[PDB]
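These notes are about the structure you will find just below.
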Amino acid sequence: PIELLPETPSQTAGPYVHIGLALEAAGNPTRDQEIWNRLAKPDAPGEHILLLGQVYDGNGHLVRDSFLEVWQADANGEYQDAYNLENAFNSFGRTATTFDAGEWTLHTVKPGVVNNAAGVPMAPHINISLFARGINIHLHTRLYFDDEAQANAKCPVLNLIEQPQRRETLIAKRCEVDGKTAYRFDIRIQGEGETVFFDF
Amino acid sequence: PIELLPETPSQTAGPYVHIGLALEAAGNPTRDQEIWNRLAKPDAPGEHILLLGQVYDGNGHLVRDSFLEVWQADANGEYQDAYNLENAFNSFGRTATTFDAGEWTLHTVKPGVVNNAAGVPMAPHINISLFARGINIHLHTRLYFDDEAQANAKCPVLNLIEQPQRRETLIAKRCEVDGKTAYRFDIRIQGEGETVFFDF
Amino acid sequence: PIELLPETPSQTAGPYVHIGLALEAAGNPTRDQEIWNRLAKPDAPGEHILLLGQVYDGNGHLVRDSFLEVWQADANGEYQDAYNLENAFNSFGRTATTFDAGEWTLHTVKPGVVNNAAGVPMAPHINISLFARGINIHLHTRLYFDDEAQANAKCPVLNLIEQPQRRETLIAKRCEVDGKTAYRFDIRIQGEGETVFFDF
Amino acid sequence: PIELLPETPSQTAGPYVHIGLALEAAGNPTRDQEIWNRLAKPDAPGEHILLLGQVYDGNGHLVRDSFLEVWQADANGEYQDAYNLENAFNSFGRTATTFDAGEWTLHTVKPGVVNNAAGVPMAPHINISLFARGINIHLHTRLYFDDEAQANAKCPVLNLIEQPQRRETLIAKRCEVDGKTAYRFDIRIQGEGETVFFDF
Amino acid sequence: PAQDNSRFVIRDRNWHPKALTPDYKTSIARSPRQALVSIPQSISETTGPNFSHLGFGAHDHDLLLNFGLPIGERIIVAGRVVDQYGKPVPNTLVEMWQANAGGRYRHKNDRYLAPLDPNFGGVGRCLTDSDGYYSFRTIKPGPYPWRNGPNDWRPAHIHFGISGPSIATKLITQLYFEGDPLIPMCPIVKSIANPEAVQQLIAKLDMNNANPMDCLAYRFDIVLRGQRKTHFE
Amino acid sequence: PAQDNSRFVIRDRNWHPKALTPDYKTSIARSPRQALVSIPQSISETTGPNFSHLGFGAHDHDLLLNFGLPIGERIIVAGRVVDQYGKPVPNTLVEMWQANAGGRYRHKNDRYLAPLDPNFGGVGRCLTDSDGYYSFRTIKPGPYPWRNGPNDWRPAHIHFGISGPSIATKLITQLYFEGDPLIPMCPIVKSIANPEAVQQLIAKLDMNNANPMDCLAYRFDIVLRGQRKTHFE
Amino acid sequence: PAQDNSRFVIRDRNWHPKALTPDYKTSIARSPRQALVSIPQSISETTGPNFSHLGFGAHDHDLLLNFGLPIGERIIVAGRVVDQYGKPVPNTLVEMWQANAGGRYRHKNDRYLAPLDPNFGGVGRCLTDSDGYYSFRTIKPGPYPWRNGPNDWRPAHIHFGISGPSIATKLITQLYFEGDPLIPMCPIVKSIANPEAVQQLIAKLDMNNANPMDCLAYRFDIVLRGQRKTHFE
Ligand SMILES: O=C(O)c1ccc(O)[n+]([O-])c1
Ligand SMILES: O=C(O)c1ccc(O)[n+]([O-])c1
Ligand SMILES: O=C(O)c1ccc(O)[n+]([O-])c1
Ligand SMILES: O=C(O)c1ccc(O)[n+]([O-])c1
Ligand SMILES: [Fe+3]
Ligand SMILES: [Fe+3]
Ligand SMILES: [Fe+3]
Ligand SMILES: [Fe+3]
């Protein structure tokens, strides 16, 4: 059969990922521009929300050295690839869990619907990649919203998960933080309530 | 790199281990001198205690053919290596679980404090080696005492265990047997509440 | 390590190099445009000088079949790579030793100062490449002038030559020919007073 | 034939040898006890002398990074192998050439006569080992004295050099420095007047 | 905005290290037990950020000046980023981090006894050029002991992060140094089943890129998922 | 004028023939006894002449017409000039000279008893094209006896001279012909220690470039020192 | 005083590097042109100094303490000194010197641009024990550019000096590190004609002798000329 050049093999980010990708967290001086966790400026169109969560290992212990990357559509279900700090909204962000509490947060807006390759609309979602010590190759997951039940029910992606039970592991629980709309998304890497991870 | 001679590979002790290492248990006549479960004679200095416990497999079933070896310092935190049945105290002992109930017992004294290589004191502890059928290479653990909480919190060994909850797995629970100070130390080879095992 | 394609290996020019590179000397008809020993036209800016010299072998015998190539800056210390017979000055030329007397000659201007990679000025010099029968790979040398003693003392290149006595092998001796400013530069390939050759 | 383990191959001492064996010279602080160029204390028996010389390369240029080691008998023709800074005399010493002038010196006494393996007396001599950048494996030589002509004429060692003219290269020239008996011993590594180097 | 016009060659998950690789202790509790759920590529996965407009500092890629001079072996780390088809990946973001010459990281959590270097930070970033080329200037890191087995030492390495054209292509990996004897012994390295794949992570000494009398150079090419256009979709 | 923007890969002096190769008798008295002094590259060494404007005659490269027809095997000698990186070297000067079909050279000093050919001069020059290609039309030269050992014969060869982008890249070499049994016996050839280096001087029969019922063709590619941009200098 | 009781196996001058090795430029003018003169062993040659009473400092063998902490890779360098007969060489002087982590020597004449390390001197000495064992604690040296060819780099190495029982055994050499890619490209290494001889200069990674969470170890054994008693003289 035809064989292409082989992709460079992945390796764990390690415990010190911060020094390279989350300068503040490493407890180091930052540069002029840094890719961080505030995707939308207060003047960005759409519903502003606060996202937060913890990450658990197979023992139910918090993963305090995790690093996440996010990719989402704006409010109009549009992907803004030209990254720029000046932008009112950027489709890409980065976050990390506290070496203490071990919670991560992101400041953004609820993404609008986009359609799949077949033209069927997917429910509003946020694409996440998880990195950390002990993770050889990063994990892909998607965040869904509990207040989008009707849409969620129809999701061509969500509908691919054989067992309905597992689909729930993907739905973020709406709440409020300091009177602001917040959504909680806990990631269970292994065991009870293991979060669905994807391959693509 | 430099390669030395390889160490002889380990093999399970198998189910009839008792015939060689626990004569009585095999239900065979003993020899004049046997290494058994009484580390101290009534006239040995220090606080006389009784140690007892069960061993569980990954299914929560008793392991009734286990064999254990113990190493500990005397009441003065001294290691007594010259093994002698005449001695008032021997730092080394042997025990096994009953083919019935499946409980082991040891008759010794509460060990004194020994320092690590860096000169920092370790909380009183008993070094344990576990052997049996199904175990290819013996399991190393340590037995600490619940009534030594202060020492425990500062143990350079206990402290190496990343998760605090795991540390608990190593602490024996003080009780009394026939009005005698006893400590119960259950071993969980696998699963829920799995005891910490070491490498050194 | 990384390995590139290897460079085509050098071979001696041989005794008949003239037929290919110095038509006149081969005693053959020349083409309309030949690359020769007259770098500057009479109307060229700078101090017009004549260069001459002989080439000696390890026995002290004249090498009557040598071929030389020269590269030098103009009077302003500028390298003029756009070779044209129409130019008043060309940075490049060729010359050869007579089958008789065994002396070569060049008609040029005294070159201006050029700075090395580090911004340090080099004393006025002419880059020379020697070719001939018996020479497997061409010899690189530099002609410096005796009347630039002050500049010469500070040349970062001349200064790389470990032994001061060897530096003198690179200095042409100012004389006059037919009332014209000339410099004599003898090359000693091997032995007593061997000329410094460079690798770069 | 019988093959033994091969000897570890020699490598040049390099330009910075001083850092390891001639601390002062490197321009670094010395340790409490250093092996140096004063073999004899002023109160040592025998004829006190000062030794000095230069080392030349094949071009007749000074070797200014040369390192030397000496081994000689005491005034009674005795080898004192137990090296001690307290001794009035040590058979072993070290010296090096000035990065400036390029001259080495030694403070010792004239060695007495020692016999060869066959019982034949050898003329008074000092054994020398020369090390340095560009010297892959150290050179061995002997220093003889011009005022011991009679002895020299009969030295079994000197007599092994086929060419009488080559023997002269090993004879130090007596002089005086500040009213003290001195001997000059220059070393020519290569060329005209090359010094006899030995293999043993 | 971005658009769905590309498809990316499915990753070979037998080439990359698996999730559970017992000798690397932490993977035990940090690897899923359920199978990954395969999903078709959509715009969500086939697009990603372009950092063409990120405001990069002048010394962003020069660890020798971005934090006196650091102590340690001066070197250049350069190479190219191509896809599986052999096409260059221009204007892509490459980030790196490493420990100093002694194996010490400039991180709070690093308690190794080798000292920190006052002139050294250990972070760099570079956007590939039109030809997919990148370069960094740094000092060669030292091996680092870690709590895995009782005497485990990570071979000298530099951590890398590459964005590529989509989130489907983003990758994190490590660069090792040619001939380092610790390579064969490391359990993280060994997380990779094929020895051929291991070779892909080894930077080669590149005497051709070296600055004489100044610094050595290492060549490290990177291959991301091959990109193709959709057809008969 | 010329600018100091490039660096050239340092020469491999064990690849090229050494200076002292005793079997080639002339080398003995014409080889330096001192070591070469290495020097950093400067504008002086990294620049060189550009001959794009030299006024070439129409048959400069055709030895068949540039001097009746010469007698001998009519061949085209063509190829490409590239650097070590494989980059083509456009508009570079390629000069060649050789003996006639009989091994006689049109030079006064040639006393060989093989006669001159009234129609043959034996000199050509060609400026490489946009792609690094050059071509000459000539006749295959004949081996030539020479006063070295008592029965020394040079294999059939064409002398070549190549300018390149700088004086640092300038080279003089010789082309040999595929299968020539004289090759391995030649002391000049053997000046080169590596058999693989020798291979590089052998032109290959190129039936694809030949003109049927007219002339054959040989292929000879030339590789000049690799050229790179300066970095972190 | 010393006595003539031993004979030393004759050195193999084809094993050791030769005096003239042209690629090592300086050897050209510093190599004798005449043949060495062989002489029979006498008391002069078969005796040497014994350094048993030299008053060594407490940290003479510890480069981490003998000059804060030096920056670099902490390693122990240990081995044994035996004769060709395989017999241990007890109470013998072993001296060493080397550059810092960045390849800079603490020497006046060293002008390399890599900086000096405030806490590193680079010299050590150790008297072998009863069993011929020696050991040093130091940091691994960096490669160093040197003025030989235009782009020559010495592999990381440690200079060693060993006394032995007599001046006949005294030796100076260098230690190299396992797997260093610069090894095979070095003109000084290449002064050794036999690749098997080169192997003896390579120190091997010694995980067994390492201090977990602290430092690595390298093993380097040295063989001095074989010593035998006299017979039938
Ligand atoms: O625990 C890990 O995964 C780890 C520790 C150190 C290090 O350098 N890297 O790369 C990884
Ligand atoms: O179940 C076992 O592990 C077993 C059973 C029999 C036997 O002889 N040994 O050695 C081992
Ligand atoms: O002496 C020489 O170097 C020589 C003689 C004849 C010839 O054809 N080539 O090429 C070289
Ligand atoms: O020129 C030399 O011989 C030389 C230069 C540097 C170095 O490190 N060593 O060992 C030797
Ligand atoms: Fe790391
Ligand atoms: Fe059995
Ligand atoms: Fe010819
Ligand atoms: Fe050195």
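Just a few scattered comments:
- Here the protein assembly as shown was treated as a single set of alpha-carbon atoms; its pair distances binned every 20 Å from 0 give 8, 26, 30, 24, 10, 2, 0 percent.
- Positive-pole candidate from F:69, F:6, F:212, dipole of chain F, charges at beta carbon: F:6
- Assigned charges on the beta-carbon of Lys, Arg, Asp, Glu; the protein assembly as shown dipole about Cα centre (debye): 2000 debye
- Taking amide H atoms as placed 1.01 Å from N in the peptide plane, the amide H of residue A:143 lies under 5 Å from those of A:126, A:127, A:128, each 5 or more residues away in sequence or on another chain.
- Note on residue C:105 and residue G:91: the model spin-label points, each 7 Å out from Cα along the C-beta direction, lie 8.1 nm apart.
- Around the amide H of residue B:175, modelled in the peptide plane, lie the amide H atoms of B:182, B:183, B:184, all under 5 Å away and 5 or more residues distant in sequence or on another chain.
- Plainly put, the tip 7 Å out from Cα toward Cβ on residue D:100 is 5.7, 6.4, 9.8 nm from that tip on each other copy, the closest given first.
- Distance between the C-alpha centres of the stretch D:181-195 and the stretch F:43-89: 57 Å, rounded to the whole angstrom.
- Rotation relating B and D, chain D residue nearest the axis via C-beta, angstrom: D:5, 12
- Measuring nothing but how far apart in sequence close Cα pairs (under 8 Å, 6+ apart) lie, relative to its length, the stretch B:91-139 scores a relative contact order of 18 percent.
- For the stretch B:1-131, the relative contact order is 28 percent, taking Cα pairs closer than 8 Å that sit 6 or more residues apart in sequence and dividing their mean separation by the residue count.
- Note on chain D: helix-only mean residue ellipticity at 222 nm, from DSSP H runs of 4+ residues weighted -39500 (n - 2.57) and normalised by residue number, equals -1500 deg cm²/dmol.
- Here the Karplus curve 6.51 cos²θ - 1.76 cosθ + 1.60, taken at θ = phi - 60°, turns the phi angles of the stretch E:97-105 into couplings of 8, 6, 9, 7, 4, x, x, 9, 8 Hz, with x standing for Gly and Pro.
- Burial ordering of E:133, C:144, fewest other beta-carbon atoms within 10 Å first: E:133, C:144
- The smallest convex shape that holds all Cα atoms of chain F, its convex hull, gives 157 Å³ per residue.
- Based on Cα contacts under 8 Å between residues 6+ apart, the stretch B:6-81 shows a relative contact order of 18 percent.
- Likely footprinting exposure, G:213, D:122, fewest C-beta neighbours within 10 Å first: G:213, D:122
- Each other copy holds its own label point for residue F:56; taking that point as 7 Å from Cα along Cα to Cβ, the gaps run 4.0, 7.3 nm, nearest first.
- For the stretch G:15-28, 3J(HN,Hα) computed residue by residue from phi via the Karplus equation (6.51, -1.76, 1.60; θ = phi - 60°) reads 7, 5, x, 7, 5, 8, 10, x, 5, 9, 2, 4, 5, 3 Hz, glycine and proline entered as x.
- Cα centroid separation, the stretch F:130-185 to the stretch D:142-164 (Å): 59 Å
- In a simple Cβ point-charge model (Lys, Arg +1; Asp, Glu -1; nothing else charged), chain G has a dipole of about 700 debye relative to its Cα centre.
- Placed amide H near residue C:74: partners under 5 Å, 5+ positions off or other chain: C:79, C:80, C:112
- As a ratio to 2.2 N^0.38 Å, the alpha-carbon radius of gyration for chain B is 1.04.
- Table column - 3J(HN,Hα) (Hz), the stretch C:169-176, Karplus curve with 6.51, -1.76, 1.60, x for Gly and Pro: 5, 8, 9, 6, 9, 4, 8, 9
- Neighbours of residue A:128 by Cβ distance under 9 Å: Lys/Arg scored +1, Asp/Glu scored -1, total 0.
- Given charges at Cβ of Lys, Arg, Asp, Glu: chain F dipole, positive-most of F:123, F:192, F:133: F:192
- On the basis of the beta-carbon distance and an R0 of 51 Å, residue D:61 and residue A:32 show a calculated FRET efficiency of 0.35.
- Distances between equivalent label points of residue F:207 across the copies, with each point positioned 7 Å along Cα→Cβ, amount to 4.0, 5.7 nm, shortest listed first.
- Mean residue ellipticity at 222 nm, helices only, chain G: -500 deg cm²/dmol; runs of at least 4 DSSP H residues each add -39,500 (n - 2.57), and the sum is divided by the number of residues.
- Of all residues in chain F, the one whose Cβ lies closest to the rotation axis carrying F onto E, together with that distance in whole Å, is F:86, 8.
- Gap separating the Cα centres of the stretch B:1-76 and the stretch F:1-17, nearest whole Å: 74 Å
- The dipole here belongs to chain A: it is taken about the Cα centre, uses +1 on the Cβ of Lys and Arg and -1 on the Cβ of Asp and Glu, and is about 220 debye.
Taken together, the values in this text are just the output of simple stated rules run on the coordinates, not laboratory data. When we count neighbours, we look across all protein chains shown, and the Cβ atoms used for this are built from the backbone with ideal geometry, even at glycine.
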